[PDB]
Every structure is written in structure tokens, then in C-alpha cells.
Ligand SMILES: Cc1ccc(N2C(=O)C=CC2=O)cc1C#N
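First comes one chain, alone, set out as C-alpha cells in the form solved without the ligand.
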């Protein structure tokens, strides 16, 4: 099945890729690997080609690499980025060293959209709907994105949206601004609704044009958050695992939850009502993606027969204890077994 490869050095990084990919132009990015925009002559579409930043440096990196690949190969949903292709110029396992992932090619992200025009309440409806539709699918596979924010959301001319860059790390500022407090402060073993918290922060911002919790640091942010949603009640406190975390919380002057209708004056009442449900401090009380889709706010888009769940996602690999080479060989097998999407 092997295609013909051609190598070239760009921004002084050697890129050896199949000839189907042409006109590679460096579209940047740090320590996770570098990425080039390119023309996919097989599909006639534009794509992003990422050369992986030393995937097998250590056991930890070999495993991160395996985790990303497994994740990307499984994601098949209109609102989530999938793997268009994956390859290595390597001819055998023995010489396997570089890994390339081909996908999307993000025209603009949500921020870019907000920058070039004023969104109407209809735009916000459709956009958040798609985020939740994509989230429903993700969550149904016991997957937590963990890092939703405007920059990780691609949007096109027809307002179609896809979720990108899943947080994959077994571990002032933007990312923290859309994070649920329990994660940000390491309060407990958190659940899928942390993503719902992010959606809340995103939607609020889209409606008012202002970031919701732009704290300069973890404490400043917690204070902005607690100001809106009130302080932790006893029910939540018993759920907070860290003894210090609870102690700190009990040092805080209690605060009642605010009335969101007073915070978001002039926005669709259905929207304000959905925010109320998403921005709940107790993760066990937040609305889920599936539930959010059936909320009155999305009446004009909701379609229960067109909001698919995902196939079973096996993550038992997370508990395996293997050598760098076993994670490497495992990764290789995943590259070899990759099947391209239709047409």
C-alpha cells in the first residue's frame, strides 16, 4: 500500500511525506510538534500535517503518543476533528521514529469569528448546539476533553463547528479562564461535566462580549467564580477530597448565588436559563450534554435522531506498565491498522 515519499527541509525541520500532500507551508506551533498547511491532492481539500515532536523520548512520551493516536482514530463525528490520515516514512518497526498526523486545517477559531462580525442570538444557538452535539458523542465514550476554549473550536463560513485539541496530559491566562474550579484547584476526581462548565464560560462570553472569569490567578479566578455562583454548600464540601482545599473554602466569607438574569441583562431568557444550569458549582448537579441538547434554547436545531453517540472506547491501556519500545510498537501497530475515511 506504500506511497512514494519526498523529503524537504522547511523551517529547518525535515519533513518526509507522501506525494499526495503538496505545497507544505509552516503554520507553526511549539513543543507538541510542528505543523504545516498543505494541499491534499487525494481529496482536493486543505489539511494540517503535524510532525510529532519526539514521540518516543521517554516512557511518558511514548504513552502520550499512543494515547493521542488511539483517541484521534476513534473520533468520528461531524463536530469533532477526526484523523484524515496518519503515516511514517519508516519502512519497518526497527526504523520507526517519526509520526505524522493529518487532519482538519482550521480556517478560523471561535475568537476569529467574534473578531470579524457581531453574532446574532441565532449564531450563538447553532454554535453552542454543535459544541454540545460534539460533546454528547465524546462523553458517551467516557472521554473528557478537559480543555475547551475558543481557540480549540474551529468554525467555517457556514457556521459549522468542530472541537479540536483534546487535553491529553496525564499532566493571567486563557485556558484557566474556561476551566471548572474543581480541576483548576485539584479538588476532586472530576467528571465529564467539567466540559459543560467550559461551554458555559464560552456561551456567556459570546452573549455579552466579555470573558466571564478572567482571573489573574487561581485565587482571583475562584473569587470571581464564587461571586457569581455563591460559595460551596455542605453537600459539595464533603465531596472535596483535599483537607486543605476544604479548610480554605471554610475560611471564605459565605456568598449567595447571584441572579443570572441580573448578570446577563437583555439576553434570551432561554439562554440565561441554560447558563444557570451549566454554571453550577457542584459537578454532580450540572446539566449534561445530552440534557442540554433538549433545552428550549436549541428548539430550532435539536434533533434526537441526529445526535449520535460513539462506539465503545477501550482505555484499559492507561493502566498498562510497558517499556518505551512496547509503547512504540503499539503505536506502530496503530499506524499500520489505520483505515482512511470514505471518498
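So that the term is clear: the rigid core is the largest set of C-alpha atoms that superpose within 1.5 Å between two forms. Residue numbers count along the first chain shown, from 1.
K.L.:
Among the other entries of this protein that were compared (only those with both neighbours built), does residue 267 lack coordinates in at least a third?
P.N.:
Residue 267: modelled in all of the comparison entries.
K.L.:
Output yes if residue 76 is unmodelled in at least a third of the other compared entries of this protein, no if it is modelled in all of them.
P.N.:
Residue 76: modelled in every other compared entry.
K.L.:
Does the deposited sequence hold unmodelled residues between residue 171 and residue 172, and if so, how many: none, 1 to 3, 4 to 9, or 10 or more?
P.N.:
Count of unmodelled residues in between: 4 to 9.
K.L.:
Averaging only over Cα atoms, indicate whether 135-143 or 248-256 has the higher B-factor in the PDB entry.
P.N.:
Mean C-alpha B-factor is greater for 248-256.
K.L.:
Of 97-105 and 196-204, which one has the bigger average CA B-factor?
P.N.:
Looking at the recorded C-alpha B-factors, 97-105 comes out higher on average.
K.L.:
So among 292, 281, 310, 60, who wins on Cα B-factor in the entry?
P.N.:
The C-alpha B-factor peaks, among 292, 281, 310, 60, at 60.
K.L.:
From 181, 82, 167, 150, which pick has the Cα B-factor that tops the rest in the entry?
P.N.:
Comparing C-alpha B-factors across 181, 82, 167, 150, the top value belongs to 167.
K.L.:
Please rank the C-alpha B-factors of the chain's modelled residues and tell me whether residue 155 sits in the lowest, middle or highest third.
P.N.:
Its C-alpha B-factor belongs to the lowest third of this chain's values.
K.L.:
Sorting by Cα B-factor within the chain, modelled residues only, which third would residue 6 end up in: lowest, middle or highest?
P.N.:
CA B-factor rank for residue 6: highest third.
K.L.:
Split into thirds by Cα B-factor across the chain's modelled residues, where does residue 262 land: lowest, middle or highest?
P.N.:
It falls in the middle third of the chain.
K.L.:
So where's residue 54 on the chain's Cα temperature factor ranking, which third?
P.N.:
It falls in the top third of the chain.
K.L.:
Using the temperature factors of the C-alpha atoms in this entry, rank residue 272 within its chain: lowest, middle or highest third.
P.N.:
Its C-alpha B-factor, which the entry lists for residue 272, ranks in the lowest third among residues of this chain.
The form solved in complex with the ligand exists for this protein as well; it is not shown, and the discussion that follows is about that form.
K.L.:
Are all three residues 118, 263 and 267 in contact with the ligand in the entry with it bound, where contact means a non-hydrogen atom within 4.5 Å?
P.N.:
Every listed residue reaches the ligand in the entry with it bound, so yes.
K.L.:
Consider residue 208 of the chain shown here, and say whether it contacts the ligand in the entry with it bound, taking contact as heavy atoms within 4.5 Å.
P.N.:
Residue 208: yes, in contact with the ligand in the entry with it bound.
K.L.:
Any idea which of 117, 251, 262, 92 has its C-alpha shifted 2 Å or more between the shown form and the other one with the rigid core fixed?
P.N.:
C-alpha shift of at least 2 Å: 117.
K.L.:
Closer or farther: how do the CA atoms of residue 275 and residue 116 lie in the entry with it bound, compared with the form shown, if the change is at least 3 Å?
P.N.:
Between the C-alphas of residue 116 and residue 275, the gap narrows in the entry with it bound (3 Å or more compared with this form).
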